[PDB]
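S.K.: Below are the structure tokens for one structure; questions will follow.
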Number of protein chains: 2
Amino acid sequence: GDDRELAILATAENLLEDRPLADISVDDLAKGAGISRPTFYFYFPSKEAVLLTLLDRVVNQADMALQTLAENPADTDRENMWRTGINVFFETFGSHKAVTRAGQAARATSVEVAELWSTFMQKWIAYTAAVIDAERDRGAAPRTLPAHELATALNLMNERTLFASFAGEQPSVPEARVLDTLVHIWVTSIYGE
Amino acid sequence: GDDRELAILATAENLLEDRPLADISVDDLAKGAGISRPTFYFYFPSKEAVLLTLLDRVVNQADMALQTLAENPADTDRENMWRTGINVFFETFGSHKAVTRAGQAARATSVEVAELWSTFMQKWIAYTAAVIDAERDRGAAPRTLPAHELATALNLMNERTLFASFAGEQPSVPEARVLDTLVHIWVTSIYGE
Ligand SMILES: CNCc1ccc(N2CCC(CCC(=O)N3CCCC3)CC2)cc1
Ligand SMILES: CNCc1ccc(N2CCC(CCC(=O)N3CCCC3)CC2)cc1
């Protein structure tokens, strides 16, 4: 039962590494999963719904890893605390580049993809703002910008910068320099006066 | 001659305010410009080429305004110098929201749109890095990150943040707060140690 669904998902992820969703057919997905085209339609109504499920898995993987980090006590080294959190996103999405690339392109055409991304960005921005607020409460960070607005711009920067680096876009920060670049901007803007 | 081309462009910009490019037909563009469908094809091969020309005009408008600012002497107030430059982009793209929205969505499907955006982002990032380098040379800014990498991430942040604010995306920084938010992040990351 679930083995066929997982085979369809694993096939779509493998094919997305070599070509976009528009160049992948239902025949290609069914062939790779070792099933017929009508058996595919039992599990998914379209190749677009396969992508949505793949993105949902990657997004929940990053969210669960962040929750594991958030539940444990806070790092006493301010810079390190932010670097470890940004690293969760760099590693999770960076381990699924083809899904990340396809998922971002789908946001323009799919209401479901746009809604899924929006829900998780709101969660991640709210947590970021809560940590900035805690840093301000303990006197470690100055009260400069509204914390939720600052958190919004820094999360949007990471989204655009990490995904440009993974895709090797021109322009982009080299993947081997992107974590240090983002951490510097987060620490200086959060603690800087 | 040029009046018909300008009428097609003005019609496309007006129609993009109410619906996406996919929902606008060549008949709609020809009707608004007061021409026939075959006369339209004399000026443009597709509605996609009309969008490309609109984006080219907005991008050159922002670049020319930045060049006017760059040619004049530098502002003695460090924060203000960066705010005036970011404001060129906020005002130029913010005065053409429908073209900005459509142009960004087209980057995923059009090689020509992606190439045009890439060329101008490289120019704007290189100028940004040159100003950071001048600030470091005069001892006003510390030598922290490689200037070109820092410039890349800050320009990508502005692209994503300004365009999310203009589109009223969830999440986004309110349009009335986006300039102060970006300037704070630019100044703290450029001058901060
Ligand atoms: C106090 N607890 C430790 C702790 C502190 C900070 C965090 N962070 C939350 C995540 C945040 C990064 C978000 C990001 O890079 N993206 C890319 C695409 C969309 C969001 C960076 C800091 C996590 C745990
Ligand atoms: C010393 N001369 C005065 C001077 C100093 C700085 C500037 N800047 C160049 C532009 C830069 C902003 C770029 C930006 O917001 N975007 C949005 C979409 C793509 C690029 C901000 C600072 C301009 C003139």
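Each chain in the structure tokens gets a letter, A, B, ..., in the order shown, and its residues are numbered from 1; ligands are numbered from 1 in order too.
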Could you tell me, counting only C-alpha atoms and all ligand atoms, which protein and nucleic acid residues lie no more than 6 Å from ligand 1, written as JSON, numbers by chain?
M.R.: {"A": [66, 69, 70, 74, 81, 82, 85, 86, 89, 121, 124, 128, 131, 155, 158, 159]}
S.K.: I want to know what sits within 8 Å of residue 179 in chain B, based on only C-alpha atoms, with residues of the same chain fewer than 2 positions away left out; could you give that as a PyMOL selection string?
M.R.: chain B and resi 83+86-87+90+175-177+181-183
S.K.: Looking at B:173, B:134, B:156, B:102, which one is nearest to residue 122 in chain A, with distances taken over only C-alpha atoms?
M.R.: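 Of the candidates, the smallest distance to residue 122 in chain A is held by B:173.
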S.K.: For range 39-41 of chain A, work out the shell of residues within 10 Å, counting only C-alpha atoms and skipping chain neighbours fewer than 3 positions away, then give it as a ChimeraX atom specification.
M.R.: /A:4-5,8,26-27,29-31,33-36,44-47
S.K.: Per DSSP on the backbone, what are the alpha helix (DSSP H) residues of range 38-181 of chain A, as JSON, numbers by chain?
M.R.: {"A": [38, 39, 40, 41, 42, 43, 47, 48, 49, 50, 51, 52, 53, 54, 55, 56, 57, 58, 59, 60, 61, 62, 63, 64, 65, 66, 67, 68, 69, 70, 71, 78, 79, 80, 81, 82, 83, 84, 85, 86, 87, 88, 89, 90, 91, 92, 93, 94, 97, 98, 99, 100, 101, 102, 103, 104, 105, 106, 111, 112, 113, 114, 115, 116, 117, 118, 119, 120, 121, 122, 123, 124, 125, 126, 127, 128, 129, 130, 131, 132, 133, 134, 135, 136, 137, 147, 148, 149, 150, 151, 152, 153, 154, 155, 156, 157, 158, 159, 160, 161, 162, 163, 164, 165, 166, 167, 175, 176, 177, 178, 179, 180, 181]}
S.K.: Can those selected residues be exported to a file as a short mmCIF file (atom, residue, chain, number, x, y, z; two decimals), in the first residue's frame so that it contains C-alpha atoms?
M.R.:
data_model
loop_
_atom_site.label_atom_id
_atom_site.label_comp_id
_atom_site.auth_asym_id
_atom_site.auth_seq_id
_atom_site.Cartn_x
_atom_site.Cartn_y
_atom_site.Cartn_z
CA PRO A 38 -4.25 3.88 -13.63
CA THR A 39 -2.65 2.56 -10.38
CA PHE A 40 -0.75 5.93 -10.14
CA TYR A 41 -4.12 7.82 -10.31
CA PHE A 42 -5.29 5.76 -7.28
CA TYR A 43 -2.49 7.42 -5.20
CA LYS A 47 2.15 14.99 -11.02
CA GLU A 48 1.57 18.44 -9.33
CA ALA A 49 0.04 16.66 -6.29
CA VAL A 50 3.19 14.43 -6.14
CA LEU A 51 5.37 17.61 -5.93
CA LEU A 52 3.09 19.09 -3.24
CA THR A 53 3.54 15.90 -1.11
CA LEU A 54 7.35 16.00 -1.65
CA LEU A 55 7.51 19.66 -0.55
CA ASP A 56 5.25 18.92 2.43
CA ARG A 57 7.73 16.19 3.55
CA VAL A 58 10.82 18.47 3.25
CA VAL A 59 9.08 21.40 5.00
CA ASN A 60 7.94 19.10 7.88
CA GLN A 61 11.47 17.64 8.08
CA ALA A 62 12.97 21.16 8.59
CA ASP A 63 10.17 22.13 11.06
CA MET A 64 10.66 18.93 13.15
CA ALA A 65 14.44 19.51 13.26
CA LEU A 66 13.90 23.12 14.36
CA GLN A 67 11.41 21.91 17.06
CA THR A 68 14.12 19.43 18.35
CA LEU A 69 16.56 22.36 18.60
CA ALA A 70 13.91 24.74 20.18
CA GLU A 71 12.90 22.20 22.89
CA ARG A 78 24.67 34.15 20.92
CA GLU A 79 26.24 33.79 17.40
CA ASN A 80 26.34 30.01 17.65
CA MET A 81 22.61 29.78 18.68
CA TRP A 82 21.60 31.57 15.43
CA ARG A 83 24.12 29.62 13.28
CA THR A 84 22.78 26.22 14.50
CA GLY A 85 19.18 27.26 13.62
CA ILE A 86 20.08 28.64 10.17
CA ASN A 87 22.10 25.41 9.60
CA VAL A 88 18.91 23.32 10.07
CA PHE A 89 17.47 25.02 6.97
CA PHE A 90 20.73 25.00 5.00
CA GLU A 91 21.13 21.21 5.59
CA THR A 92 17.46 20.16 5.22
CA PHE A 93 16.68 22.06 2.01
CA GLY A 94 20.27 21.58 0.77
CA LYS A 97 17.78 20.65 -3.90
CA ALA A 98 15.58 19.30 -6.73
CA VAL A 99 12.41 19.40 -4.54
CA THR A 100 13.40 22.88 -3.24
CA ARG A 101 13.89 24.23 -6.84
CA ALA A 102 10.63 22.65 -8.15
CA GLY A 103 8.63 23.69 -5.03
CA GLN A 104 9.67 27.34 -5.34
CA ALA A 105 8.78 27.49 -9.09
CA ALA A 106 5.35 25.87 -8.28
CA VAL A 111 -2.42 27.94 -4.48
CA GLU A 112 -1.74 24.77 -2.37
CA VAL A 113 2.07 25.17 -2.66
CA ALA A 114 1.88 28.93 -1.90
CA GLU A 115 -0.37 28.20 1.15
CA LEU A 116 1.96 25.47 2.48
CA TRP A 117 5.04 27.71 2.17
CA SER A 118 3.14 30.68 3.71
CA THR A 119 2.03 28.62 6.78
CA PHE A 120 5.55 27.46 7.59
CA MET A 121 7.18 30.91 6.93
CA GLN A 122 4.67 32.47 9.39
CA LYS A 123 5.64 29.83 12.02
CA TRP A 124 9.40 30.31 11.50
CA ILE A 125 9.12 34.14 11.53
CA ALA A 126 7.02 34.06 14.73
CA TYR A 127 9.60 31.81 16.46
CA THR A 128 12.45 34.04 15.25
CA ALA A 129 10.64 37.14 16.61
CA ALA A 130 10.04 35.34 19.96
CA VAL A 131 13.83 34.61 20.32
CA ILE A 132 14.68 38.27 19.43
CA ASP A 133 12.10 39.36 22.08
CA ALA A 134 13.70 37.02 24.69
CA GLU A 135 17.17 38.43 23.80
CA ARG A 136 15.81 41.98 24.30
CA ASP A 137 14.07 41.05 27.63
CA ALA A 147 11.04 42.32 16.27
CA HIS A 148 8.39 40.72 13.98
CA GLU A 149 9.32 43.05 11.02
CA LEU A 150 13.06 42.41 11.50
CA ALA A 151 12.36 38.63 11.73
CA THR A 152 10.28 38.82 8.52
CA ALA A 153 13.05 40.48 6.43
CA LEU A 154 15.78 38.13 7.81
CA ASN A 155 13.70 34.99 7.04
CA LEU A 156 12.89 36.27 3.50
CA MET A 157 16.62 36.98 3.00
CA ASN A 158 17.45 33.36 3.99
CA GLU A 159 14.75 31.92 1.73
CA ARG A 160 15.97 33.87 -1.35
CA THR A 161 19.71 33.55 -0.60
CA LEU A 162 19.80 29.84 0.31
CA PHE A 163 17.64 28.87 -2.68
CA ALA A 164 19.68 31.01 -5.15
CA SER A 165 22.90 29.35 -3.78
CA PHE A 166 21.46 25.81 -4.10
CA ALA A 167 20.35 26.48 -7.73
CA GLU A 175 27.14 27.48 -1.20
CA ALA A 176 30.36 27.13 0.88
CA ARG A 177 30.07 30.81 2.01
CA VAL A 178 26.29 31.19 2.43
CA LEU A 179 26.04 30.11 6.12
CA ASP A 180 28.77 32.58 7.31
CA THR A 181 27.22 35.35 5.18
#
S.K.: Can you work out which one of A:139, A:146, A:32, A:168 has the shortest atom-to-atom distance to chain B, counting only C-alpha atoms?
M.R.: A:146
S.K.: State, in Å with one decimal place, the distance from atom 7 (C, counted along the ligand's line) of ligand 2 to CA of residue 73 in chain B.
M.R.: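 One can read the atom 7 (C, counted along the ligand's line) of ligand 2 to CA of residue 73 in chain B distance as 11.8 Å.
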S.K.: Just checking: using only C-alpha atoms and all ligand atoms, which residue out of B:77, B:193, B:169, B:18 ends up closest to ligand 2?
M.R.: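 Closest to ligand 2, using only C-alpha atoms and all ligand atoms: B:77.
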S.K.: Go ahead and compute the interatomic distance for CA of residue 10 in chain A and CA of residue 23 in chain A, in Å to one decimal.
M.R.: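 If I compute the distance from CA of residue 10 in chain A to CA of residue 23 in chain A, I get 16.8 Å.
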S.K.: Measure the distance from CA of residue 6 in chain B to CA of residue 107 in chain B in Å and round it to one decimal.
M.R.: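 CA of residue 107 in chain B lies 23.3 Å from CA of residue 6 in chain B.
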S.K.: Of the residues B:24, B:174, B:13, B:190, which is the one nearest to residue 142 in chain B, using only C-alpha atoms?
M.R.: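 Looking at the shortest contact to residue 142 in chain B, the residue is B:190.
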S.K.: Measuring between only C-alpha atoms, which one of A:138, A:109, A:143, A:72 shows the shortest distance to chain B?
M.R.: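 Under the stated criterion, the closest residue is A:109.
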S.K.: Rank nothing, just name the residue among A:3, A:20, A:11, A:28 nearest to chain B, using only C-alpha atoms.
M.R.: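 Looking only at the distances to chain B, the closest residue turns out to be A:20.
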